[PDB]
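Q: need coordinates for the following:
(one chain, ligands or ions: 5)
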Amino acid sequence: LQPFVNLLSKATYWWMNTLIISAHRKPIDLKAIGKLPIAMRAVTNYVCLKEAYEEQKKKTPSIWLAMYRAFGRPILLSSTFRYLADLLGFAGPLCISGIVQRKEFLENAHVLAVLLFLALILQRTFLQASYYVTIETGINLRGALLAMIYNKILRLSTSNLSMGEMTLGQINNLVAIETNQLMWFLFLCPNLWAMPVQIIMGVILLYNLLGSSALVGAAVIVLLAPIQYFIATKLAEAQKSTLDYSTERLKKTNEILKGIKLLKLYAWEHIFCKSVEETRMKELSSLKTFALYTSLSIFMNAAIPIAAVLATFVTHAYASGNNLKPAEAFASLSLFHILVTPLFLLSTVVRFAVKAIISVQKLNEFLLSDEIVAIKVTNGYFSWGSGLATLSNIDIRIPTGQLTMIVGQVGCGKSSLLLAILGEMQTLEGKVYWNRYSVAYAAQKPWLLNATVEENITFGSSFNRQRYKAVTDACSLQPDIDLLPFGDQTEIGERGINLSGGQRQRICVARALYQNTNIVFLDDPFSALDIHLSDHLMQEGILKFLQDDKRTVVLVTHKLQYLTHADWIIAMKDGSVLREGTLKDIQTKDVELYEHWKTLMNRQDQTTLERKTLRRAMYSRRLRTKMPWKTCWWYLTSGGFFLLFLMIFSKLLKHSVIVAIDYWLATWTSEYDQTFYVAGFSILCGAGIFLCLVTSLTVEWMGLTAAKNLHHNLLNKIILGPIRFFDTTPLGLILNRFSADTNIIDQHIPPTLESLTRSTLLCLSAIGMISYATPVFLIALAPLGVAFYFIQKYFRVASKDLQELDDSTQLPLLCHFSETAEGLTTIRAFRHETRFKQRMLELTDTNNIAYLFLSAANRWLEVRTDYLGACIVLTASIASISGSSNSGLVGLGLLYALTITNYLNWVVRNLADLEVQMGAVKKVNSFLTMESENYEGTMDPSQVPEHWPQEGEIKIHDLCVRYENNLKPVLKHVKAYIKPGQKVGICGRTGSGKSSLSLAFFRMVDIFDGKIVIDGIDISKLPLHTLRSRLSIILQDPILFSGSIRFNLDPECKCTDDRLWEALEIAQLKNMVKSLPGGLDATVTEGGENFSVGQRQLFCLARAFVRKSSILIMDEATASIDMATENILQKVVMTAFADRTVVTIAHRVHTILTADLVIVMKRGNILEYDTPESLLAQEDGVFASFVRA
Ligand SMILES: CCOc1cc(CC(=O)N[C@@H](CC(C)C)c2ccccc2N2CCCCC2)ccc1C(=O)O
Ligand SMILES: Nc1ncnc2c1ncn2[C@@H]1O[C@H](COP(=O)(O)OP(=O)(O)OP(=O)(O)O)[C@@H](O)[C@H]1O
Ligand SMILES: Nc1ncnc2c1ncn2[C@@H]1O[C@H](COP(=O)(O)OP(=O)(O)OP(=O)(O)O)[C@@H](O)[C@H]1O
Ligand SMILES: [Mg+2]
Ligand SMILES: [Mg+2]
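A: Residues are numbered from 1 along each chain as shown. Ligands and ions are numbered 1, 2, ... in the order given. The coordinates are given below.
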């Protein structure tokens, strides 16, 4: 008997109840979820799919055939279940038919009720079994496809001809969209055959029950599918347009957030906010058409059935000598309700099928793509697939266990030489011998995972504290490591703590040196290394650390230095080897080349600067079940009480009119001329259509209004927020507040809310109507209501947890595919292919199990609610037949009871989804409630002179500065009197609050004690906007936002182009802009990458000049600037700003030695404030010490 109960559980999902029930006590952890059965592990599915694919290739290969060969049987089983389920589900109307017309005891009207109950249960259990089988096969297919494309990625080539700039984009698209769409098509595949059969059977049954008259209604409903497909295509068009505008808006917002401090300093936040508001306006303009089409689709879906009913019944009434019977009428109405959904969804199935065909074509295109004495090579010719040997006559030899160096000119091919020796490119002729063992490789372009530093260093190697410390010290990486927030175990790479090129390549070199292997390749590890660091790495790392290990080291470096240490040297030229040998060998054979090295060698602070920027970033650092009804009400009200009332009233009236239509039909059928009834029915149907249209339009209007209001208010509040907000909160979350949350509010909330309200109203109306026909039904209803409440609670909590876990598991998979897509050369050099493949299998298995359990929970909820609906139908039917009432009311009760089962689960599912989305709404609403700054100014703007800062007098009175309240004041008792028309120099030990002093000048940081006085007006006693408007500033790293040169010079557009030209001339940038096309109107890319760093500084100086601040502040402007550019900067500061007041945060003292006066800072203390010449001649203080060095 055990098999019977086992199958029952596998059908009623009894295994899901323990996880779902426990969902309350503990969040659904990955461990809590049992691992995938070996029958469903991604590895096995990949094996089967590869077998099928190779069988196809044995006879150009097509994926579709392989997918069939792999997963046909589950699909056939699913189709069998689906066909049986639909065939049984056609029993509903037939049973209603026979019960209303109430040894062939089937007419007894009692046995038929239990027959209907059992048939409904069997139908729905089979249908859910089919859903689950197709879900499982689809997820298996997704796992197999991901594994297959991952293997392809691992075997991909790196030729620039093949792997273009868009190759990584294509791979991300495949993993994120194409595979998912193919999975969805696999989910929906059974429908593609179960829908047309269902529709045909429905039409045949309609003809049998109601005769040729029902043909009109059949045609009217069949017209639903083309309409749905057309409006769906238009909707997709509008959605693409909205996606384009949304991407533009997101780019603008992201650039704004990054460097927000700069915008606040320039006081330009308002103009950027206005531009983003314009972008949002266009986005909303497109979203309005999207909403129009969505509303049209909903209206058609909810009205075409009414039109079909109207046409059918009017035609039958006017074209039948026999008056309309009740049983036939209600059976036909139930059949229409059965057929509406399949027709409404066949169009979506077709769209998914087309998208899947496109996706499979794209995946096939991807797959059919190109792919690939320690060492000696003889007669080696290699190319990058161009057909022309990029390397020729490769007679290289790599002596075992000895340092080897490769020298050459720019773009000689040494990097290509290493790649070819790795076998990473086609070998036209010649062979390479290994005497393959894995080789430690540090790519010319450094590469890093998204794991922490420890993972990068180990890279899967067993941890050894001794080796880790030794290599870290050898590469001088310990300090910068300590600078990190968590030191080690600190995420780095694209998503983690951003690192400069020097640090990245140092980490890569550390990885290479740590990894235990006999062969090490270092491709110019000194790309951005200072002399001291490079020398330390060479002496301690390259030689000693590997001398002990007796490794074989091949080094590629432009810097001819250190060649003395190298045992063997290689000379290359134009993708060919001039000579190979030691220094003595080259000297003997090629004197000219030997001397040429000395000739070039004889004709010969970034690291410290880099760490300073890194250290600056480090300065800053029960019942999870109840939905947020407060937040949902806040959202609903956001649109406006008028719109909310209109929506509610319209929907209530629509459902009242629909139930009125049904009751009118019942009363009409009561009898057993018809003009009165038909006229009434027609007017009712017209009113219903009108109300459907009105309610759809109203819900969409409410959605649009709410989205616009919420987004606008959020952007205003965030932009008007204090700097600390962005300093603490990671930029990622703030950006996500507009990336996803806004997308959800725009697109998901309105449709989901409309569906939830419609389902709730339909369920309530059905219950009320069956009670009206069957007053005794409520007694049986109440326990069912209790069960419904419990199911609602459990499923809502479980689904929330499962969905969140699914997303958290998915994100690492995309991250890993993106990472492995890059650095393929590095992985293949380490030959860690197996490790990464296993990692991918683990990640995909976890994601698949999460998704599968989410779908299984959905199935469990469906089965429970469906047994509930079956009990409802049984009780309603039995009570009605037993109860004495008019036949029409009996038919109405049976019809509504049968229907209620379709919506009884949609109500709860939409409720859960709306809860999840209200989560995001709460996120946004809470985020926009953050307190703003004291923009109000105590003094009247008129009282403060318009040209207030012209004089340039500044005083400091015992100032104290604190970044945040309750923290130690970085500045204390800071007093300073800066004479107008004076130059002020500031220098001291790093971290002495110089930039803090500048921020205090700009009010950015709180002035807890003391004051800053300019022109006799306290800075605090003034609007911060006014202060920032008429003050200049030159940050250390200038940033320019995407747009024209005019926009950067003056977003306010207040000054004439003559002023801009004069500013660019004085800033020495007039010729630079003139040479570039477009002149003043030339475009600029985001972040100022279009121009050189010195040009960015010139742009900043031009901004200062045009601002006419009368003041000037420089925060180590010369830092990270070319010496000639630094001299130009000094000249322009000295001459152009002669009449202005200059305050400089001197990165280097000698640049500010000429300042009229200097200030010495130390731990928030003004140790010295005099002329720099006097301080040097007075005492040998701190200023004298660092300035002398
Ligand atoms: C994650 C998707 O897992 C499922 C997968 C399925 C498989 C399936 O034949 N769908 C039919 C719906 C049935 C009732 C007609 C369908 C067809 C076309 C468009 C959408 C849809 N449906 C898509 C989801 C359910 C609502 C409309 C069912 C149900 C689920 C589910 O999660 O409940
Ligand atoms: N992966 C690649 N695919 C295609 N062509 C490549 C690839 N790598 C290099 N090349 C081309 O091969 C030639 C030499 O490139 P390579 O990087 O090997 O030279 P190099 O002397 O090491 O240069 P570098 O100054 O960048 O260190 C150039 O034409 C370069 O464009
Ligand atoms: N964002 C911040 N939040 C809180 N405290 C900060 C922040 N930035 C700096 N501090 C504190 O202020 C001290 C000095 O700040 P600041 O960067 O202005 O000084 P500095 O001497 O000009 O430094 P730098 O070397 O960057 O020019 C830091 O040591 C830290 O104590
Ligand atoms: Mg190179
Ligand atoms: Mg500073």
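Q: the stretch 201-350 of the chain: helices as residue ranges?
A: Taking DSSP state H, counting those that start in this stretch as the test, the helices found in the stretch 201-350 of the chain are 215-222, 224-257, 260-266, 269-318, 326-367.
Q: how about those, which one is nearest ligand 1?
A: Closest to ligand 1 of these, according to Cβ to the nearest ligand atom: helix 326-367, at 3.8 Å. Backbone N, C-alpha and C define where each C-beta goes, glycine included.
Q: next, the angle helix 224-257 makes with that closest one.
A: 50 degrees (axes from the mean of the first three to the mean of the last three Cα atoms, to 10 degrees).
Q: ok, residue 667 - how many residues close by?
A: Neighbour count of residue 667, defined by other Cβ atoms under 10 Å: 15.
Q: er, residue 744 I mean
A: Neighbours around residue 744, by other Cβ under 10 Å: 19.
Q: one more: residue 1076?
A: What residue 1076 shows, counting by other Cβ under 10 Å, is a neighbour count of 14.
Q: now the one 5 residues further on
A: Other residues near residue 1081 come to 12 when the count uses other Cβ under 10 Å.
Q: run a quick neighbour tally on residue 543.
A: Around residue 543 there are 17 residues (other Cβ under 10 Å).
Q: look up the closest residue to the closest residue to ligand 4 within the chain, ignoring the ones flanking it.
A: Nearest residue of the chain to ligand 4, counting by Cβ to the ion: residue 415, 3.0 Å away. Residue nearest to residue 415 in three dimensions, not counting chain neighbours: residue 444, with 5.3 Å by Cβ to Cβ, 6 or more residues apart in numbering.
Q: residues contacting that neighbour?
A: 415, 523, 524, 527 (Cβ atoms under 8 Å, 6 or more residues apart in numbering).
Q: can I assume the residue of the chain closest to ligand 4 is in contact with residue 521?
A: No. Between residue 415 and residue 521 there is no contact under Cβ atoms under 8 Å: 10.3 Å.
Q: residue of the stretch 901-1050 of the chain nearest ligand 2, please.
A: For the stretch 901-1050 of the chain, Cβ to the nearest ligand atom, closest residue to ligand 2: residue 1037, 26.7 Å.
Q: in what helix or strand does that residue lie?
A: Here residue 1037 sits in a region with no helix or strand, counting by DSSP states H and E.
Q: repeat that for residue 585.
A: Using DSSP H and E, residue 585 falls within helix 583-589.
Q: which other residues reach that helix?
A: 563, 564, 566, 569, 571, 579, 581, 593, 594.
Q: next: stretch 741-754.
A: The contact list for stretch 741-754, computed with Cβ under 8 Å, 6+ apart, reads 242, 246, 287, 290-291, 294, 298, 635, 696, 699-700, 702-704, 706-707, 710-711, 714, 910, 913-914, 917, 920-921, 923-924.
Q: restricting to C-alpha, output that stretch in CSV.
A: Output of stretch 741-754 as CSV, limited to C-alpha atoms (Å, rounded to 0.1, in the frame of the first residue of the first chain):
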residue,chain,number,x,y,z
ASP,A,741,12.5,49.8,-7.1
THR,A,742,11.3,52.6,-9.5
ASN,A,743,10.9,50.0,-12.3
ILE,A,744,8.8,47.9,-10.0
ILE,A,745,6.6,50.9,-9.0
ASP,A,746,6.2,51.8,-12.6
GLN,A,747,5.4,48.5,-14.2
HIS,A,748,4.6,45.7,-11.8
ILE,A,749,2.5,47.3,-9.1
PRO,A,750,-0.5,48.6,-11.3
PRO,A,751,-1.1,45.3,-13.1
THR,A,752,-0.6,43.2,-10.0
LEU,A,753,-2.9,45.5,-8.0
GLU,A,754,-5.6,45.4,-10.7
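Q: does ligand 1 sit close to that stretch?
A: No. Using Cβ under 6 Å from any ligand atom, stretch 741-754 never reaches ligand 1; the gap is at least 12.4 Å.
Q: residues from the protein in reach of ligand 4?
A: 415, 444 (Cβ under 5 Å from the ion).
Q: and the chain, what are its domains?
A: 2-367+626-927, 375-617 (automatic domain parsing).
Q: can I get those in TSV including distance to residue 1070?
A: Below are these laid out as TSV (distance: least, Cβ to Cβ, whole Å):
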stretch	distance to residue 1070
domain 2-367+626-927	22
domain 375-617	30
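Q: that older thread, secondary structure element for the residue nearest to residue 415?
A: For residue 444, there is no host helix or strand (DSSP H and E).
Q: quick check: phi and psi on the nearest residue to the residue of the stretch 901-1050 of the chain closest to ligand 2 once chain neighbours are set aside?
A: Leaving out its chain neighbours, the residue that sits closest to residue 1037 by Cβ to Cβ, 6+ apart is residue 1120, at 7.3 Å. The phi and psi values for residue 1120, taken as degrees, to the nearest 10, are phi 60, psi 50.
Q: how many other residues sit next to residue 1120?
A: When neighbours are counted by other Cβ under 10 Å, residue 1120 comes out with 18.
Q: so who does it touch?
A: 606, 609, 1036, 1037, 1093.
Q: those, buried ones only, as a ChimeraX selection?
A: Filtering the contacts of residue 1120 down to the buried ones (16 or more other Cβ atoms under 10 Å) takes a single ChimeraX command:
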select :609,1036,1037
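Q: which one among the contacts of residue 1120 gets closest to ligand 3?
A: residue 1036 (8.0 Å).
Q: three-state assignment of the residue in the stretch 901-1050 of the chain positioned nearest to ligand 1?
A: For the stretch 901-1050 of the chain, the residue closest to ligand 1 is residue 909, as judged by Cβ to the nearest ligand atom, at 7.1 Å. At residue 909 the chain is in helix, as set by DSSP: H, G, I helix; E, B strand; the rest coil.
Q: dump the residue contacts of it.
A: By Cβ under 8 Å, 6+ apart, the neighbours of residue 909 are 858, 861.
Q: and ligand 2, which of the contacts of residue 444 contact it?
A: Residues shared between the contacts of residue 444 and the neighbourhood of ligand 2 are residue 415 [Cβ under 6 Å from any ligand atom].
Q: would you write a ChimeraX line that selects the buried entries of the contacts of residue 444?
A: The ChimeraX command for the buried members of the contacts of residue 444 (criterion: 16+ other Cβ under 10 Å) is given here:
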select :415,523,524
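Q: wait, which of the contacts of residue 444 is closest to ligand 3?
A: For the contacts of residue 444, the nearest to ligand 3 is residue 527 (25.9 Å; Cβ to the nearest ligand atom).
Q: that closest one belongs to a strand?
A: No. Residue 527: not assigned to a strand; according to three-state DSSP it is coil.
Q: so what's it up against?
A: With contact set as Cβ under 8 Å, 6+ apart, residue 527 has these partners: 444, 501, 502, 505.
Q: roughly how far does the third one sit from residue 209?
A: As judged by Cβ to Cβ, to the nearest Å, residue 502 and residue 209 stand 81 Å apart.
Q: then the first one?
A: As for residue 444, its distance to residue 209 is 77 Å (criterion: Cβ to Cβ).
Q: same question, the last one
A: As defined by Cβ to Cβ, residue 505 lies at a distance of 79 Å from residue 209.
Q: which strands and helices sit next to the helix or strand hosting residue 598?
A: In the assignment (DSSP H and E), residue 598 maps to helix 591-602. Here helix 591-602 touches helix 583-589, going by 3 or more Cβ pairs under 8 Å, 6 or more residues apart in numbering; DSSP states H and E.
Q: mind listing what's buried along the helix it packs on?
A: 583, 586.
Q: next one: it to chain centre, how far?
A: Relative to its parent chain, helix 583-589 has a centroid offset of 58 Å by Cα atoms, centre = their mean, to the nearest Å.
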